[PDB]
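Below you'll find only one chain, the form deposited in one PDB entry, shown as structure tokens.
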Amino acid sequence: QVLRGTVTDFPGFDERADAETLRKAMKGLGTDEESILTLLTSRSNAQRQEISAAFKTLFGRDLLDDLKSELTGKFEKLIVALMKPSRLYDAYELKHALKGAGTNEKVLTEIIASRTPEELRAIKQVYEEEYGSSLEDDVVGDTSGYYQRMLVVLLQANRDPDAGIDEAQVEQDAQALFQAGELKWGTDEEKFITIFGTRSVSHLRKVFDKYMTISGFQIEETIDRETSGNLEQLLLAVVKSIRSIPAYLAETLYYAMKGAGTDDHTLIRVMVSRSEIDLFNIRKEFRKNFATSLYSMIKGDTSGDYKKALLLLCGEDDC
């Protein structure tokens, strides 16, 4: 009855002993990667920040700098991601994704569609503090169309609270969405954006069900997951997140590994960002929906200490 992650506070935690263990693992010409990944994946993010502070006090060195030169490749990328303070991680990923014409719309869509209003408010505040501009202004400057407008509405974090069901508004909203999809999501965009973006979660779940009976198909089937523009991808992310954030993020992990290549950036981002929120539930949806465990997919597709660390973050195999 609760959302659970795969990383919890290490019991008996001693930040000074852990700092000593990490320094021992790097001091000298060699490296003890196993010690580094076992400790860091078994301490919570808050504990990692206390280790980093004890490390600087004990040794007069910067733990993150040492990790960056001591480790390489995807393993370094994963460890560095785990060290970023949780409160800063989403804001950082958004800022990194906003790069003019090379902007990574997949990341904007993933984070903004799946974070709660409480999470989005924290993100916007943190983002201004770190980067000196508003998240909205950067998003508007680097996106276009009704995709831009939908992100802006979602960024407003003004979604109705879960309240008494109104079957009259359900039917009206479902009809409005059916008509909007019949026009390929290219007409009266402001009207369906208000529905997807500001109605309550429980309300929209009923709307989607009413859409089924009205239309004969599920609302997702109006959008081709592979051959759709940015707005359509966002609507799909919002619909899926309304149904289940763990299921949306599980599907995101699934497509990150399926096919040729591995989208390691997405693999790292989802595992780390969700490790203390809902990664256990993500695993459950992953196994239920894709007939195989997240553990087995990571194991088959990745290598070395990066794989070892990802498997420890995953926590367990599922079947």
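Throughout, we count residues from 1 along the sequence that is shown. In this text, rigid core is short for the largest set of C-alphas that superpose within 1.5 Å between two forms.
Just so it is clear, the following notes concern the form deposited in another entry, a form of the same protein that is not shown.
Colleague: In a superposition on the rigid core, which residue from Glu76, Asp209, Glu189, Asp138 has a CA displacement reaching 2 Å or more between the shown form and the other one?
Modeller: Between the two forms, the residue that moves is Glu189.
Colleague: Taking the rigid core as reference, does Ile223 move its C-alpha 2 Å or further between the shown form and the other one?
Modeller: Moves: yes, 2 Å or greater.
Colleague: Does superposing the core leave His96 with a CA shift of 2 Å or more between the shown form and the other one?
Modeller: No; that C-alpha moves by less than 2 Å between the shown form and the other one.
Colleague: Specify closer or farther for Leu135 and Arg225: how their Cα atoms are spaced in that other deposited form versus the shown form, given a shift of 3 angstroms or more.
Modeller: Relative to this form, farther apart in that other deposited form.
Colleague: A 3 angstroms or greater change in CA distance between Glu251 and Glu226 is reported in that other deposited form. Closer or farther than in this form?
Modeller: Their C-alpha distance grows by at least 3 Å in that other deposited form.
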